[PDB]
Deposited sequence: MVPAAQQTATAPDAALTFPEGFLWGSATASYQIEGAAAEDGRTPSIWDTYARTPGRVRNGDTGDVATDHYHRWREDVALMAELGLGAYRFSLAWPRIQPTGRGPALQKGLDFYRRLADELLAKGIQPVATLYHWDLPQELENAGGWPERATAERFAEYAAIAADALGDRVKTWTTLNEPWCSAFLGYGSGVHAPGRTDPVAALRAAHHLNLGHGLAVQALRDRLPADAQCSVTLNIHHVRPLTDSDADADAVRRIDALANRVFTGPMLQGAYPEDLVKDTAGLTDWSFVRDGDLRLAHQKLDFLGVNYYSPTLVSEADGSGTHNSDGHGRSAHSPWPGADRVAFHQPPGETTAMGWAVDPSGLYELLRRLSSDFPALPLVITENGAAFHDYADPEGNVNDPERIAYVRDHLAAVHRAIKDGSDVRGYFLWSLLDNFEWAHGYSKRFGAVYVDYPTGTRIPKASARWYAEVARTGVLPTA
């Protein structure tokens, strides 16, 4: 039985469009995912987040569920489309009211609210104007952040600017398998830069408008890249993918410069002239901790998410697989954490996302048994604890997710929740893993 450090944060995570529902209620306007999901062939079975888990109406019950599970923190995203419809103009108070009430309820329960400003639900109007490949979007994101800070700053002390910008830029504009569904390598690289810029401008605005004790951060899905063989070519491959998956963001955000090799690898695609003088300094803002998302490692040797790395080829990492068919490999998380500790020694780490999808089902007696999810989480928590033992500064872990929800292009076909959701009724059924995880969050001990 392993014991986690004094003060370790135990929470769960969700995203606005994935759980909220009420897509066309109280002033909210369509985001890129609303458009993308209603587009034939884009999302499995034509599923949309119109209703999702109906969290917008069941928010009270969900917070109470968090309390019963003894969670200390709740990571959620703010729907830009609700707070500032269209991505420009004045704030919509009714939109902000939903989060005021939510945050207030969390606090009343002794649960620390952690808000992510941007979790992919870009207002469609900003996409109509160019989306992330267009510079103005970054400036608009900063204004939105100031609006959010100004309204919720007194109740929410932990903030995250962006969640997994890699997926947003490369899957959204590179391979187009995510909203808005575009496919252009340069567009994807411009999007990456503008996400870097937006993040910076946002942290600047957060720093400026929030109390002096608030915590600002960014959530990155750090790809842990490994080579198929020892070949020297496979090592070059690892470098290319690491630069595209991680350093294109950690470079500017944490070091104030794009890695030279990345610039070199993409020289055939672009000259990065859209990186205006001073953009890198703006993207490089002081953070209180880095949010890390991890699920599985990467094994390597006009329409892809890796512009400039066509010479490379990916492989299925070894290990059992989840419903997503992603390899289960706790070691990937341990190595990943050590890498980060080595590269950014002074940067406290928080696992803002980790979990697994399995084909759960509610039996005739009303129970949902997910022993496989219990194993996955336990195994990854052990890797985390091990990383901590060896020196890594990890301060928290957020299980993805509290509720089964709209898993983007996969629709509702993938269940990641600690709590099962009967979609037609919206009924929540805590799974066996919820009961097990509750014990870990109450004792701080991992059996």
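Trainee: Could you spell out the stretches of the deposited sequence that were left without C-alpha coordinates, going in sequence order?
Mentor: In sequence order, the gaps with no modelled C-alpha are 1-14, 316-331, 478-479.
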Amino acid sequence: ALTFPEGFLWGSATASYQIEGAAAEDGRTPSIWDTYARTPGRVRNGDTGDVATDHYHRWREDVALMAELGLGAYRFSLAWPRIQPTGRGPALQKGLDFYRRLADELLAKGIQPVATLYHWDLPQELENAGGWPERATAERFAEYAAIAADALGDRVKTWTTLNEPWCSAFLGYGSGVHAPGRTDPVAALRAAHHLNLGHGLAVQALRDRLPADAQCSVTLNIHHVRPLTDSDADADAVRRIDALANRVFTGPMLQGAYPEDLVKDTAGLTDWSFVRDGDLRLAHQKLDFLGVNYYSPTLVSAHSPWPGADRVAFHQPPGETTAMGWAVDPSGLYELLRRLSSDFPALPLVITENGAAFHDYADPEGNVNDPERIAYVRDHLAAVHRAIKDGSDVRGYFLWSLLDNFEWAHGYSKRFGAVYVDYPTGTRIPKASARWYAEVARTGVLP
From here on, numbers count along this sequence of modelled residues.
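Trainee: Between 65-73 and 393-401, which has the higher average C-alpha B-factor in the PDB entry?
Mentor: Comparing 65-73 with 393-401, the higher average CA B-factor belongs to 65-73.
Trainee: Hey, which bit's got the bigger mean C-alpha B factor in the entry, 164-172 or 252-260?
Mentor: The stretch with the larger average C-alpha B-factor is 252-260.
Trainee: Given 128, 93, 219, 112, identify the residue with the highest C-alpha B factor in the PDB entry.
Mentor: Comparing C-alpha B-factors across 128, 93, 219, 112, the top value belongs to 112.
Trainee: In terms of recorded Cα temperature factor, pick the maximum from 363, 97, 234, 353.
Mentor: By C-alpha B-factor in the record, 234 ranks first.
Trainee: Going by the entry, which third of its chain does the Cα temperature factor of residue 317 land in?
Mentor: Highest third.
Trainee: Check where residue 84 lands among this chain's C-alpha B-factors and tell me if it's the lowest, middle or highest third.
Mentor: Lowest third, going by the recorded CA B-factors of the chain.
Trainee: Within this chain's modelled residues, let me know which third the CA B factor of residue 230 belongs to: lowest, middle or highest.
Mentor: Highest third - that is where residue 230 ends up once the chain's C-alpha B-factors are sorted.
Trainee: If you rank every modelled residue in this chain by C-alpha B factor, which third holds residue 414: lowest, middle or highest?
Mentor: For residue 414, the deposited C-alpha B-factor lands in the middle third.
Trainee: What third of the chain does residue 268 rank in for C-alpha temperature factor, lowest, middle or highest?
Mentor: As the PDB entry reports it, the C-alpha B-factor of residue 268 lands in the highest third of its chain.
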